[PDB]
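Structure first, commentary second.
Residue numbers start from 1 in every chain, and the chains themselves are labelled A, B, ... in the order their sequence lines are given, proteins ahead of strands. Below, each value reflects all heavy atoms present in this structure, side chains not excepted, and no hydrogens, waters or symmetry copies.
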Amino acid sequence: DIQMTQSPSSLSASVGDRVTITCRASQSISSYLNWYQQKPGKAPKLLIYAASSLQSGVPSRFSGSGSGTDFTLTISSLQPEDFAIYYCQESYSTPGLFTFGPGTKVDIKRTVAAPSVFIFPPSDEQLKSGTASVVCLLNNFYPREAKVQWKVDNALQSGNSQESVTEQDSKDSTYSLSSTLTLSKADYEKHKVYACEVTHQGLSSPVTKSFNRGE
Amino acid sequence: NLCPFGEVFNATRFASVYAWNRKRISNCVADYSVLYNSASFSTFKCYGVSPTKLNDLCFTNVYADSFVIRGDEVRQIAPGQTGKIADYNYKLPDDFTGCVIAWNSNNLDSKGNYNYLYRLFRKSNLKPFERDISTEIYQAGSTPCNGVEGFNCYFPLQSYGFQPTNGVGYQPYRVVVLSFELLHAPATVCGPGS
Amino acid sequence: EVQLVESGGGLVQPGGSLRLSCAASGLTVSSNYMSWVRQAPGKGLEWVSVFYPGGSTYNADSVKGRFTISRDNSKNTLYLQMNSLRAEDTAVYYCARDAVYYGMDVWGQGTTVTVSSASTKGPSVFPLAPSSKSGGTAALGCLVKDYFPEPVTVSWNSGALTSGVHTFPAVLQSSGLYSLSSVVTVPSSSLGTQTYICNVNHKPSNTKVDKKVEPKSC
Ligand SMILES: *[C@@H]1O[C@H](CO[C@@H]2O[C@@H](C)[C@@H](O)[C@@H](O)[C@@H]2O)[C@@H](O[C@@H]2O[C@H](CO)[C@@H](O)[C@H](O)[C@H]2NC(C)=O)[C@H](O)[C@H]1NC(C)=O
């Protein structure tokens, strides 16, 4: 098979910028490479075929380039409708179940904004049912990259949390993140200090929010 | 007089697979085990005959078909196979009697070489030993193409794009298919030990 | 004009079967390399099955022995028969025409397949109470836990509170039930006086829940 990689994983740009995205192929597949754009919840849309030909109906600000092993897609002046994920695709392998690149996300650039961090203990109502959800909120931050580290009595927790992130806000271009630590009621009552430690570019050092069970 | 196998196996130029060449071998002595004991072949699969026993056999005629394909496609040159090559370019019958011989020709058919083509678009599969050389624009919808490429209108052939940089699965391979014909007629192609 | 229209997606138990259809207009299915491509939640595109113009068909190893692609020329329709379905087959399924050198230029809108053994269940709604610790902005919310299937909608104060609200994407827990949180930032000054209620609707279970979120008494 052929493995395909794109660079970068994510890019920040402003309306009117000149954006270039690159794609790498496990083999040299000549000009057999296509470019697609995908918006959340919609099917991919063909932008470039045969590495350089503009798909009919696609605005002229899109252009393709490259040959052999490495290819670049270019947007000459980024428009508001161009914020999306961009995939490259080889058209070479047998028997036609081709491989897509991993995708480059282009999001909206703005000033760095540190998250405001909040931790929430489990409600007494939930604890009656035998489960404890501790929630950490990272509100209105930029850029997207952020790390949440859960600690229980200063022991770093791995494998018992899930998180999700909002789409970039249409008004202020920030992200928000929610992380949930789940424990049984029995384990929750075996420990005192519950802490959420957040690392982000807008913070000089990691910020920790915490509570003591039973206040 | 010996059969002209060197004319086929050592030809300087090989055909594209969609336009595969056929040479009819007739009225001559064939030294198959000279070919068989050679070490130059990455593939030497025979069907209906044994390679060692070939020099003791006679056939009505022998056909030598030759073309260039990709290394990962050589597996399609066998009975009962499917794929872009077997379906639309060169098809062996299910009751095939003969030998498929192939060797890596990276050092010969790779310059970026875009000369070698295969047929990509075809509405039905080839019959065994059918050869389709048409270049008509392929009509992928209900609208006639009138000889111009466009939406639902594709040129049926595409180039292999052989780059000598790539792995062996994507390298060019020269193929010779020997098919052995046996009819109720004089046997004009005999091995030396007949 | 030129379009592909998928149908047949739905919810099915593991081990069950489903048949997707893709009705074409503006291209001939039997004359094209026609594909089924799926996208799992948050993941990339995965090729499932391909139908060659001349009749050959191929399956990805991930669905070998379980999925069968087929077509009906009279109806100009492509099908995907999915048997022995598994939880990881959950995805949006697209049909598409592949003009290999000219790209995959025509895509359907997609149809959603959800494979799960979970029972339909309305969520529990728990408060994310504002911290007792504060002369600025406070955060509060609701935790909408253990429901199936998607979706849930959340409003605040019956729509009177919209600014500062963030309702997060749901996570699928190991139980097979979904959970999400909705939060809002408000002036700390308002915590003693302004009432904050999250309105949660889960139509699959006919569940509507209002939960008042207030500072916790010590
Ligand atoms: C195809 O050619 C090879 C090689 O022939 C050698 O190189 C050519 C450029 C030319 O100079 C020939 O005269 C050379 O013999 C043939 O292989 C050889 O066979 C001869 C016996 O006829 C033997 O003496 C050599 O050692 C062999 N060399 C190798 C590398 O195997 C081969 O027989 C030809 N193919 C057919 C079907 O006849």
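- Top candidate by heavy-atom pairs under 4.5 Å with chain C, chosen from A:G96, A:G41, A:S116, A:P40, is A:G96.
- The OG atom of C:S131 lies 9.0 Å from the NZ atom of A:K209; values are rounded to the nearest 0.5 Å.
- Neither the backbone nor the side chain of C:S124 comes within contact range of chain A; no heavy atom of the residue lies under 4.5 Å from a heavy atom of that chain.
- When heavy atoms are compared at a cutoff of 4.5 Å, C:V50 approaches chain A by way of both its backbone and its side chain.
- Annotation: side chain of A:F98 is in contact with side chain of C:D98 (closest heavy-atom distance under 4.5 Å).
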Contacts under 3.5 angstrom, residues 161-171 of chain C side chains, donor-acceptor by atom type, not counting sequence neighbours:
residue	atom	partner	partner atom	Å
C:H166	NE2	A:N140	OD1	2.8
C:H166	NE2	A:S176	OG	3.2
C:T167	OG1	C:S182	OG	3.0

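- Using a 4.5 Å cut-off between heavy atoms, C:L128 touches chain A through backbone and side chain atoms alike.
- Heavy atoms closer than 4.5 Å to chain A are found in the backbone of C:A129, but not in its side chain.
- Formation of a donor-acceptor pair under 3.5 Å by the A:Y36 side chain with backbone atoms of C:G103 is not found in this model.
- Contacts of C:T185 with chain A are made by side-chain atoms alone, with heavy-atom separations under 4.5 Å and no backbone atom involved.
- Closest non-hydrogen pair, A:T131 versus C:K145, comes out as CG2-CE, 4.3 Å.
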*In sequence, state the C-alpha distance, the side-chain angles, and the governing distance for A:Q89 and C:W47, and then conclude on side chain to side chain contact (heavy atoms under 4.5 Å, CB included).*
CA-CA 12 Å; A:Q89 177 240 340; C:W47 220 295; 4.2 Å; yes

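- In this structure, A:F120 and C:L140 approach most closely via the heavy-atom pair CE2-CA, 4.2 Å.
- Nearest heavy atoms, C:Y101 versus A:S31: CE1-O, 4.3 Å.
- For the side-chain contact (heavy atoms from CB on, under 4.5 Å) criterion with C:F126, the lone passing option out of A:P122, A:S133, A:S123 is A:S123.
- Going from atom CG of A:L97 over to atom OG of C:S35 covers 7.0 Å, rounded to the nearest 0.5 Å.
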_Residue pair A:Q55, C:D105: steps toward the side chain to side chain contact (heavy atoms under 4.5 Å, CB included) verdict_ = CA-CA 8 Å; A:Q55 172 69 5; C:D105 59 335; 3.8 Å; yes

*asked:* For a side chain to side chain contact (heavy atoms under 4.5 Å, CB included) check, start with the C-alpha distance between A:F100 and C:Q39, then their side-chain angles and the critical distance, and finish with the verdict.
replied: CA-CA 12 Å; A:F100 287 94; C:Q39 192 166 32; over 6 Å; no

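- The OH atom of C:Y102 sits 11.0 Å away from atom OG of A:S91, with the distance rounded to the nearest 0.5 Å.
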_Verdict with supporting geometry, A:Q162 and C:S179, side chain to side chain contact (heavy atoms under 4.5 Å, CB included)_ = CA-CA 10 Å; A:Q162 301 184 277; C:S179 177; over 6 Å; no

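- Summarising the geometry of C:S181 relative to A:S178, their closest heavy-atom pair is OG-OG, 3.0 Å, with the distance given to 0.1 Å.
- Across every non-hydrogen atom of C:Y94 and A:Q38, the tightest pair is OH-NE2, 4.1 Å.
- Contact detail for C:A139 and A:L137: the closest heavy-atom pair is CB-CD2, 4.1 Å.
- No part of C:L180 comes within reach of chain A, as not one of its non-hydrogen atoms sits under 4.5 angstrom from that chain.
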